[PDB]
Amino acid sequence: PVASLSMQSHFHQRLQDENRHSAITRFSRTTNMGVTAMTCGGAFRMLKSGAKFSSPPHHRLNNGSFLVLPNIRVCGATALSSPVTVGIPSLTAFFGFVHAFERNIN
RNA sequence: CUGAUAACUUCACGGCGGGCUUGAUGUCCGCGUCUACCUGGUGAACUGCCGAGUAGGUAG
């Protein structure tokens with residue numbers, strides 16, 4: 001994966017006046033990254049999650065092969081999923097967690 | 001077969017000094033609660049005797 005600096009420009013110069021939807025992520029050698037990380041030097045506005053997470057009630061109820069895995073706890077997974085978003089990790093990492101699990105049973 | 005593989009942010013700290021919320025006040029007038037009601041122990045634990053005895057005892 002690489003980072004398109006048209007999407008880095010587009011998300012920056014449209015999110016510079018709303019603060020409920022933007023999280024600032026800094027870097028320390030702005031000159032080596034190129035002029036895009038020098039003009040807005042350091043800042044990098046990128047699409048915060050939107051609100052604090054809310055936990056409603058789960059369900060309101062009364063072949064096959066369905067396996068469960070209850071309450072996995074993760075300590076310190078990264079949130080910078082795309083180069084432009086911040087929040088829940090990329091769901092291709094939830095895919096790799098499954099496919100590295102099905103190769104262990106095989 | 002996971003923006004893959006590995007990863008110590010740390011050390012130090014005095015928020016302080018002073019202070020008048022006050023003055024005045026009419027909640028009032030009127031008022032019909034009422035009519036009717038089954039709780040059901042059959043005979044069933046009976047009769048003496050001592051003691052002055054509404055105490056006490058004692059018989060089959």
# chains A, B, ... in the order shown; residues from 1 in each chain; ligands from 1
call {"tool": "residues_around", "arguments": {"residues": "region 89-106 of chain A", "least_positions_apart": "2", "cutoff": "10 Å", "atoms": "only C-alpha atoms (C1' of nucleotides)", "output": "PyMOL selection string"}}
result
(chain A and resi 77-82+85-87) or (chain B and resi 1-3)
call {"tool": "residues_around", "arguments": {"residues": "region 18-24 of chain A", "least_positions_apart": "5", "cutoff": "6 Å", "atoms": "only C-alpha atoms (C1' of nucleotides)", "output": "ChimeraX atom specification"}}
result
/A:43-48,50
call {"tool": "atom_distance", "arguments": {"atom1": "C1' of residue 9 (chain B)", "atom2": "CA of residue 76 (chain A)"}}
result
16.4 Å
call {"tool": "atom_distance", "arguments": {"atom1": "CA of residue 53 (chain A)", "atom2": "CA of residue 26 (chain A)"}}
result
24.3 Å
call {"tool": "select_by_dssp", "arguments": {"residues": "region 32-76 of chain A", "states": "alpha helix (DSSP H)", "output": "PyMOL selection string"}}
result
chain A and resi 36-39
call {"tool": "write_last_selection", "arguments": {"atoms": "N, CA, C and O atoms", "output": "mmCIF file, in the first residue's frame"}}
result
data_model
loop_
_atom_site.group_PDB
_atom_site.id
_atom_site.type_symbol
_atom_site.label_atom_id
_atom_site.label_comp_id
_atom_site.auth_asym_id
_atom_site.auth_seq_id
_atom_site.Cartn_x
_atom_site.Cartn_y
_atom_site.Cartn_z
ATOM 1 N N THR A 36 4.503 18.753 0.316
ATOM 2 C CA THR A 36 3.133 18.636 0.798
ATOM 3 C C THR A 36 3.095 18.608 2.319
ATOM 4 O O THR A 36 2.236 19.242 2.939
ATOM 5 N N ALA A 37 4.044 17.912 2.934
ATOM 6 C CA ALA A 37 4.167 17.872 4.381
ATOM 7 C C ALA A 37 4.956 19.045 4.935
ATOM 8 O O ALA A 37 5.178 19.105 6.146
ATOM 9 N N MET A 38 5.392 19.959 4.081
ATOM 10 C CA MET A 38 6.099 21.167 4.473
ATOM 11 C C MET A 38 5.207 22.396 4.454
ATOM 12 O O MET A 38 5.334 23.267 5.320
ATOM 13 N N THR A 39 4.307 22.463 3.470
ATOM 14 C CA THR A 39 3.386 23.585 3.335
ATOM 15 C C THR A 39 2.424 23.655 4.513
ATOM 16 O O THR A 39 2.237 24.717 5.119
#
call {"tool": "atom_distance", "arguments": {"atom1": "CA of residue 3 (chain A)", "atom2": "CA of residue 88 (chain A)"}}
result
18.8 Å
call {"tool": "closest_residue", "arguments": {"among": "A:42, A:57, A:64, A:1", "to": "chain B", "atoms": "only C-alpha atoms (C1' of nucleotides)"}}
result
A:1
call {"tool": "residues_around", "arguments": {"residues": "residue 6 (chain A)", "least_positions_apart": "5", "cutoff": "12 Å", "atoms": "only C-alpha atoms (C1' of nucleotides)", "output": "ChimeraX atom specification"}}
result
/A:11-13,36,83-84
call {"tool": "write_last_selection", "arguments": {"atoms": "C-alpha atoms", "output": "PDB file, in the first residue's frame"}}
result
ATOM      1  CA  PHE A  11      -8.926  15.866   3.025  1.00  0.00           C
ATOM      2  CA  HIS A  12      -6.655  18.560   4.479  1.00  0.00           C
ATOM      3  CA  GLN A  13      -7.987  21.660   2.670  1.00  0.00           C
ATOM      4  CA  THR A  36       3.133  18.636   0.798  1.00  0.00           C
ATOM      5  CA  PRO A  83      -3.303   7.196   5.325  1.00  0.00           C
ATOM      6  CA  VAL A  84      -6.336   9.511   5.780  1.00  0.00           C
TER       7      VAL A  84
END
call {"tool": "residues_around", "arguments": {"residues": "residue 49 (chain B)", "least_positions_apart": "5", "cutoff": "12 Å", "atoms": "only C-alpha atoms (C1' of nucleotides)", "output": "PDB file with C-alpha atoms (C1' of nucleotides), in the first residue's frame"}}
result
ATOM      1  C1'   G B  57     -54.959 -32.019  95.908  1.00  0.00           C
ATOM      2  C1'   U B  58     -56.999 -37.164  94.662  1.00  0.00           C
ATOM      3  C1'   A B  59     -60.197 -41.213  91.440  1.00  0.00           C
TER       4        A B  59
END
